[PDB]
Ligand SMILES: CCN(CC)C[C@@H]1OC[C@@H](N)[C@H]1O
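First, one chain by itself in structure tokens, the form deposited without this ligand.
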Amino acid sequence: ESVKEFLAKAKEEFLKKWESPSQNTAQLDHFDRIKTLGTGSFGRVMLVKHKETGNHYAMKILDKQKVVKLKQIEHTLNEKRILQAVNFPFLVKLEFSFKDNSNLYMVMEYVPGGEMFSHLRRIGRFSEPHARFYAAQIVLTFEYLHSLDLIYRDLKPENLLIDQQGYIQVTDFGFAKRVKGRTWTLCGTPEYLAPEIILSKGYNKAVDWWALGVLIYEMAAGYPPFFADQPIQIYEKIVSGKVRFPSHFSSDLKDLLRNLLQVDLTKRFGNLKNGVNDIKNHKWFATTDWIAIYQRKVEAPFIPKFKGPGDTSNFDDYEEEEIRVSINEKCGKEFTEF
């Protein structure tokens, strides 16, 4: 009932900021570029330094013309609207945003530990305590997002950054949707798609709890529960609802996963009468202090190597391309609300 009051306050704050988003809170020549941290079909993310303060940030730069070309207008505007409106310990903070003739810019706190993905593939797999530490943060994050009627829809280790204290930061919301009932879009990453998405059903927030099962499985095993050479063959396995577990999985872990990786929506944990508490109260989470996780007081099992501010060792190396700003304004009408 402290959770009830907390979430109602959180929803009132979200909705005020959703209805009146912030705009145009810095400009490009306030920053020096340091390094490209990631590329993509219509954008890049760069490590930048704010000239006045010397603070480092991650700057996402989206080429408006490419956004239009790849049909990503709504997704791009939606991500920025979400980021400036949410507030939760495991969601990245949007510090500034602005646009010019060519690009949209979102400036976020720099998360120096990189994607969980790299750490998982390097180490092979996480122990169950290590996996549980990360899983608890996702459970709280989905409890928050779902209470705002936001379905996340692209959970995966790639989308989970690790901060300097070893805790998770979610940065991408390009597929999230505010949807109190059902929605229908085929979207996500093949390994993480819930069966009802593959089967072209109307679906709801229960897809996020299925994806948590896939994440917990892949963290604890080192590989996801359903894989194949091609996505079409991944989908056949997913909808079969046949899963095999490594022999080192505990009984508690297998029981939780049978209940998350549940094809039948009337039986999937997270979607039942008791909602999220079926997950929080499950034996695999018995040792979890949910409040201490929220308060970031639990000692993290893994701390990324960080040699100071602006260390980029946990990201891959990319070819540095120019940041061109056209003499002509591109796509002004499409992006007015950014």
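Superpose the two forms; the largest set of C-alphas matching within 1.5 Å is the rigid core. All residue numbers are counted from 1 along the displayed sequence.
One more form of this protein, solved in complex with this ligand, exists but is not displayed; see below.
Although the partner is absent here, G174 lies within 4.5 Å of this ligand in the entry with it bound, judged by heavy atoms. Proximity of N204 to this ligand in the entry with it bound falls outside the 4.5 Å heavy atom cutoff. Using a 4.5 angstroms threshold between heavy atoms, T76 counts as touching this ligand in the entry with it bound. This ligand in the entry with it bound comes within 4.5 Å of no heavy atom belonging to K237. Residue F42 is the only one in 34-50 with at least one heavy atom within 4.5 Å of this ligand in the entry with it bound. With the rigid core aligned between this form and the one not shown, the listed residues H248, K93, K242, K71 include just one Cα displaced by at least 2 Å, namely that of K71.
In the entry with it bound, the CA atoms of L70 and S118 move apart by 3 angstroms or more relative to this form. Compared with the form shown here, the Cα atoms of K71 and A194 move at least 3 Å closer together in the entry with it bound.
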